[PDB]
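>>> Curious how this folds, go ahead:
(one chain, ligands or ions: 1)
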Amino acid sequence: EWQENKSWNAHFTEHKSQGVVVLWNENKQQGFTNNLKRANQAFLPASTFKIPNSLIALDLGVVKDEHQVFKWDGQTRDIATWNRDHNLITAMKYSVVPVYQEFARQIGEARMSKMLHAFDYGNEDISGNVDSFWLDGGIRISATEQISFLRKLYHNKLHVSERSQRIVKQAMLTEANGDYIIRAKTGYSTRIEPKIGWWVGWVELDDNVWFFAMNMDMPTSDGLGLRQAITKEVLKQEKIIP
Ligand SMILES: O=C(O)c1c(Cn2cccn2)ccc2c1OB(O)CO2
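Residues are numbered from 1 along each chain as shown. There you are, the coordinates:
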């Protein structure tokens, strides 16, 4: 069920980095990680919370489909991609916080709390500001717990409609070619220590699917590219991608 492979530490070492990668082989039902303790510690989800928050908003009508437009409110913010109109697709891709804060207001916390207990998401706790608990409130989740939630979403087993789950999976699309497909979501948590980055999702092959969840220390914005680079080094060492 779970094996530790400390050879993968070489990939964090050679980049002067600390973190964890967790993998799950769905055909064989086997899990793998470089550090079993950190794999099972809880952190703020940050922008990886955009997956469940999308699901809830669609199932309630706040978002009607993936073409509906959320136009720029005219307030200039330090991230430049955020100062333009978006839909569900581009708002996931550029991690556009103020679009999703507006959703959370619309949903309100009786219904947000209800959906998270139904989802069995993390510690299920939404203490703090209705529109920022995932960035500086009481909600926490581990890498192994990210994997269990994502497996339900892959199999359409969450207690929302099939249509909602299909639309969110479309909007998670990150990479594809003749060898693999990746559906995933980035996160960057900087408001409460420790600053960390996330990348969670899966790799679809012709005949199997490998779920993944990673996080790593991130004192400076300069190492954000390492989230994907280290993850792909593990995948290649294990012969999952070329
Ligand atoms: O890593 C994030 O997703 C991300 C980034 C960087 N980034 C966006 C797309 C790829 N990288 C910047 C700000 C931010 C972010 O997520 B959240 O946790 C909210 O704020």
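>>> List the residues that contact the closest residue to the ligand within the chain.
Residue nearest to the ligand within the chain: residue 47 (2.8 Å; Cβ to the nearest ligand atom). (Each C-beta comes from the backbone N, C-alpha and C, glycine too.) By Cβ atoms under 8 Å, 6 or more residues apart in numbering, the contact set of residue 47 is 95, 97, 134, 185, 186, 187, 188, 198.
>>> Now the last one: which helix or strand?
What it means is residue 198. Using DSSP states H and E, the element containing residue 198 is strand 196-204.
>>> And for the fifth one?
Under the criterion DSSP H and E, the helix or strand holding residue 186 is strand 181-189.
>>> List the buried residues of that strand.
With burial defined by 16 or more other Cβ atoms under 10 Å, the residues of strand 181-189 counted as buried are 182, 183, 184, 185, 186, 187, 188, 189.
>>> Quickly name whichever of those is closest to residue 241.
Residue 241 lies nearest to residue 182 out of the buried residues of strand 181-189, by Cβ to Cβ, at 9.1 Å.
>>> Nearest residue to the middle of this protein?
What sits nearest the mean C-alpha location of the chain, by Cα atoms, centre = their mean, is residue 48, with 3.2 Å.
>>> how much space between the residue nearest to it when sequence neighbours are not counted and residue 197?
Leaving aside its sequence neighbours, residue 48 sits nearest to residue 187 (Cβ to Cβ, 6 or more residues apart in numbering; 4.1 Å). Look at residue 187 and residue 197: by Cβ to Cβ, to the nearest Å, they are 7 Å apart.
>>> what does the protein put close to the ligand?
Within reach of the ligand by Cβ under 6 Å from any ligand atom, the chain has these residues: 46, 47, 95, 97, 186, 187, 188, 189, 224.
>>> any residues touching the next helix or strand after the strand holding residue 198, and which ones?
Once the chain leaves strand 196-204, the next helix or strand it forms, by DSSP H and E, is strand 209-217. Outside strand 209-217, the residues that touch it by Cβ under 8 Å, 6+ apart are 12, 17-26, 38, 43, 143-144, 146-147, 150-151, 154, 184, 194-203, 223, 226-227, 230-231, 235, 240.
>>> Select only the buried ones of these in PyMOL?
Applying 16+ other Cβ under 10 Å to the contacts of strand 209-217 leaves a buried subset, and the PyMOL line that selects it is:
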select buried, resi 12+18+19+20+21+22+23+24+38+43+143+144+146+147+150+154+184+196+197+198+199+200+201+202+203+223+226+227+230+231+235+240
